Undergrad: 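Could you have a look at this structure, given as structure tokens, before my questions?
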Amino acid sequence: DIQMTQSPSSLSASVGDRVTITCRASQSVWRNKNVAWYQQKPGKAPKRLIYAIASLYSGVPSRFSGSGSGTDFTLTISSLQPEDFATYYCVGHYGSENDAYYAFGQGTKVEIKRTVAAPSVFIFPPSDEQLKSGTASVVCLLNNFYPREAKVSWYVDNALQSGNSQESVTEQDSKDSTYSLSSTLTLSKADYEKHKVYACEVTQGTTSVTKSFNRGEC
Amino acid sequence: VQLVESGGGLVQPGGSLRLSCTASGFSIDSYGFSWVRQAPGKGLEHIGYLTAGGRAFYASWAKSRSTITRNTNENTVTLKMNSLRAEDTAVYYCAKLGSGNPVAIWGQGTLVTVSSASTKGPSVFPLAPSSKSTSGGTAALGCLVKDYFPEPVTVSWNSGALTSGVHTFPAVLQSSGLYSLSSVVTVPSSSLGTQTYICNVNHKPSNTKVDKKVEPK
């Protein structure tokens, strides 16, 4: 029943900013000592940064520091860097005769604010191998852009498509803080071969970019 | 020192998971260990803690279905969870959390997918660059990894020699209930005729690996 209440749930900050993440313990932390801070990057296990409230693990940069007084525990990133994109969690341990419990905070998603970057847009026809098997996947790639928000529309012989595509987006890049996005249009082979012009239109703000191909031409 | 989770993978609803955490480089009875899980896209959830003294303590939500034990002769700690439901799908980690101690040890985690569907290996198709660039000095190419179950697939390029500029997208669940993803990479447009590009797709759940050379069309 021991709980750690973490705030904010997310934040956007620029390279160089000071970031403060806070955790409030629902009770005395074991011996007002058993609080650690963890950092989880996309696809990886959580990595401990700080233990015993304020001890910095030697494999971690000194830009990270922990503090604690009363029920407030705080993680400070003194000069935020692009590689600090991650979700951060506090963890607390509580002991007793018949009690040995851990509570994680809900996590703080740290996003890196950066300058606008226009996507490089690429369109890929279905392979001949896939077409033989009866299905046609058409892929539009939006590479290394910022911010995340972009409207991607498919046109087939100039007819707007609806309901037949799905998108996937990467997490912010640890080096340049950009996103990449795929939109995949899925058609039956029979439907694909009834049309000529395939186009992916990508809109961000005042710019729309359309990349197209003609079926069978190269 | 290392911790390695074993077991897991595809499990049927209504059944049990039996996860083992094997220690290498030290003895398993030297420290207490927690089990922690993380549902896809969600936060960390503590399951239970087995002291170095051998006594098990569980998070309230997990007490009714979970048993945590250790086997010194095998150098393992074990999590058993019965009556699985879809909501139990998660990456399961064994960890010495080190909240107040300088020693922390984590496994890589093991994905448990709670599903009644069967395993299905992927189809792998090229996302081919144009021979004649249409995008300046930088071209894009990739591999479409389609119709597999369960997660995960992993994708490397040129057996790990190519990592710069690679984007392997999160899997998407298709209306078929099968996953698909693409892995793409940007490379010099001038290199196409001279450099070979091979995507290495591993779907361990089906013991299937595909190596696909992606050539200009």
Side-chain angles (χ1 to χ4, degrees), chain A residues 1 29-31 33-36 38 40 42-48 51-53 55 57-58 87 89 91-93 98-107 120-122 124-130 133 135 137 139 141 143-144 166-171 173 180-182 184 186 211 213 218, chain B residues 32 34 36 38 42-46 48-51 55-60 91 93 95 97-104 106-109 123 125-132 134-136 138-142 144 146-147 165 167-175 180-182 184 186 217:
Chain A
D1 70 320
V29 177
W30 202 77
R31 294 183 209 168
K33 82 179 224 182
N34 284 87
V35 173
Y38 274 84
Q40 186 178 30
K44 313 293 175 295
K47 165 213 173 195
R48 192 188 64 172
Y51 62 97
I53 301 178
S55 291
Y57 183 62
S58 57
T87 301
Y89 299 92
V91 64
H93 186 64
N98 334 265
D99 299 313
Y101 303 137
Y102 284 91
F104 290 98
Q106 271 191 283
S120 297
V121 181
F122 303 87
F124 296 98
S127 68
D128 294 335
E129 183 188 344
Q130 183 185 27
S133 80
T135 305
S137 298
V139 174
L141 166 65
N143 212 39
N144 303 342
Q166 298 180 279
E167 299 188 351
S168 191
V169 71
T170 62
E171 308 263 11
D173 187 83
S180 298
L181 180 149
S182 68
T184 303
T186 306
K211 292 299 290 188
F213 68 84
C218 205
Chain B
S34 288
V36 179
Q38 183 170 45
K42 311 299 182 188
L44 301 166
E45 184 168 39
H46 191 257
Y49 176 50
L50 184 59
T51 69
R55 186 171 169 185
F57 300 86
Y58 304 95
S60 304
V91 175
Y93 300 93
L97 291 179
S99 66
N101 185 282
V103 176
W106 281 67
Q108 74 289 346
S123 305
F125 304 114
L127 302 161
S130 43
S131 288
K132 262 266 129 170
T134 62
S135 55
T138 293
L141 60 98
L144 176 63
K146 192 162 161 66
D147 291 348
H167 293 297
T168 297
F169 286 94
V172 167
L173 183 64
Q174 300 168 109
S175 62
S180 62
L181 67 75
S182 285
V184 302
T186 51
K217 225 315 178 86

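In the text below, chain A, chain B and the rest are named by the order of the sequence lines, each starting its count at 1. The analysis underlying the following values was restricted to heavy atoms, covering all of them including side chains, and did not include hydrogens, waters or symmetry mates.
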Undergrad: Chain A: which of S60(B), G109(B), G98(B) shares the most heavy-atom pairs with it under 4.5 Å?
TA: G98(B)
Undergrad: Output yes when a side-chain donor or acceptor of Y38(A) lies under 3.5 Å from a complementary backbone atom of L97(B), and no otherwise.
TA: yes
Undergrad: At a heavy-atom distance under 4.5 Å, which candidate from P46(A), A45(A), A103(A) has the highest pair count against chain B?
TA: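 With the most close heavy-atom pairs to chain B, the winner is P46(A).
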Undergrad: Check the pair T186(A) / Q166(A) against side chain to side chain contact (heavy atoms under 4.5 Å, CB included), numbers first and verdict last.
TA: CA-CA 9 Å; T186(A) 306; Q166(A) 298 180 279; 5.9 Å; no
Undergrad: By a 4.5 Å heavy-atom criterion (distance strictly below it), what part of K44(A) contacts chain B: side chain, backbone, both, or neither?
TA: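 When you check distances to chain B, only backbone atoms of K44(A) fall under 4.5 Å.
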Undergrad: If you count heavy-atom pairs within less than 4.5 Å of chain B, which of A36(A), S55(A), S180(A) leads?
TA: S180(A)
Undergrad: At a heavy-atom distance under 4.5 Å, which candidate from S131(B), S99(B), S175(B), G100(B) has the highest pair count against chain A?
TA: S99(B)
Undergrad: So does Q106(A) have more than 12 non-hydrogen atoms from other groups sitting under 6.0 Å from CD?
TA: no
Undergrad: Is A128(B) close to chain A through its backbone or its side chain, or both, or neither, when contacts mean heavy atoms under 4.5 Å?
TA: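 For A128(B), the contact with chain A is made by the backbone alone.
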Undergrad: Where on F124(A) is there a heavy atom nearer than 4.5 Å to chain B: the side chain, the backbone, both, or neither?
TA: side chain
Undergrad: Please look at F169(B) and chain A and tell me whether the side chain, the backbone, both or neither of the residue comes under 4.5 angstrom of a heavy atom of that chain.
TA: both
Undergrad: Between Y101(A) and chain B, which part of the residue has a heavy atom less than 4.5 Å away: side chain, backbone, both or neither?
TA: side chain
Undergrad: Using non-hydrogen atoms only, which part of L144(B) is less than 4.5 Å away from chain A: side chain, backbone, both, or neither?
TA: side chain
Undergrad: So, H167(B) and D173(A): side-chain donor and acceptor under 3.5 Å apart, yes or no?
TA: no
Undergrad: Can you say whether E129(A) sits under 4.5 Å from chain B via the side chain, the backbone, both, or neither, judging by heavy atoms?
TA: both
Undergrad: Would you say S168(A)'s side chain and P170(B)'s backbone share a donor-acceptor pair under 3.5 angstrom?
TA: yes
Undergrad: Got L127(B) and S182(B) here, is their nearest side-chain heavy-atom distance under 4.5 Å?
TA: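 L127(B) vs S182(B): side chains touch.
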Undergrad: Of the listed residues (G32(B), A59(B), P102(B)), which shares the most heavy-atom pairs with chain A below a 4.5 Å separation?
TA: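 Heavy-atom pair counts peak at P102(B).
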Undergrad: Could you tell me if the side chain of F122(A) sits less than 4.5 Å from the side chain of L141(B), heavy atoms only?
TA: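 No. Closest side-chain heavy atoms not under 4.5 Å.
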Undergrad: Name the orientation class of the two ring planes belonging to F104(A) and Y89(A) (parallel below 30°, tilted from 30 to 60°, perpendicular beyond 60°).
TA: perpendicular
Undergrad: Can you tell me which portion of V36(B) sits under 4.5 Å from chain A's heavy atoms? Options are side chain, backbone, both or neither.
TA: side chain
Undergrad: Check whether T138(B) gets within reach of chain A through its side chain, its backbone, both or neither, counting any heavy atom under 4.5 Å.
TA: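 Backbone of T138(B) only, per the 4.5 Å heavy-atom cut-off to chain A.
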Undergrad: Is chain A contacted by the side chain of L50(B), its backbone, both, or neither, given a heavy-atom distance below 4.5 Å?
TA: neither
Undergrad: Give a yes or no on this: more than 12 heavy atoms of other residues, nucleotides or ligands lie within 6.0 Å of atom CG of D99(A).
TA: yes
Undergrad: Does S123(B) have any side-chain contact (heavy atoms from CB on, under 4.5 Å) partners at least two apart in sequence or in another chain, and if so, which?
TA: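 Expected list: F125(B).
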Undergrad: Given heavy-atom pairs under 4.5 angstrom as the criterion, report whether the side chain, backbone, both or neither of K146(B) touches chain A.
TA: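 Contact with chain A involves the side chain of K146(B) alone.
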Undergrad: What part of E171(A) lies closer than 4.5 angstrom to a heavy atom of chain B: side chain, backbone, both or neither?
TA: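 No part of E171(A) comes within 4.5 Å of chain B.
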Undergrad: So which residue, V121(A), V35(A), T184(A), ends up with the most heavy-atom pairs under 4.5 Å with chain B?
TA: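 Looking at each option in turn, the highest pair count goes to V35(A).
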Undergrad: Given a strict heavy-atom distance threshold of 4.5 Å, which part of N98(A) is in contact with chain B: side chain, backbone, both, or neither?
TA: both
Undergrad: Please enumerate all residues that pass side-chain contact (heavy atoms from CB on, under 4.5 Å) together with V103(B), with sequence neighbours excluded.
TA: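 Partners of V103(B) by the side-chain contact (heavy atoms from CB on, under 4.5 Å) criterion, ordered by chain and then number, come out as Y31(B), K96(B), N101(B), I105(B).
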Undergrad: Below 4.5 Å from any heavy atom of chain A, which atoms of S180(B) appear? Answer side chain, backbone, both or neither.
TA: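 Contact with chain A: none, neither part.
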Undergrad: With a 4.5 angstrom heavy-atom cut-off, which part of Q38(B) approaches chain A: side chain, backbone, both or neither?
TA: side chain
Undergrad: Shorter than 4.5 Å, heavy atoms on both sides: which option in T186(B), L44(B), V91(B) has the most such pairs with chain A?
TA: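 Sorted descending by pairs with chain A, the first entry is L44(B).
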Undergrad: Report the distance from atom CZ of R48(A) to atom CH2 of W106(B), rounding to the nearest 0.5 Å.
TA: 11.0 Å
Undergrad: Answer whether the closest heavy-atom distance between the side chains of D128(A) and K217(B) falls below 4.5 Å.
TA: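 They are in contact (side-chain heavy atoms under 4.5 Å apart), so the answer is yes.
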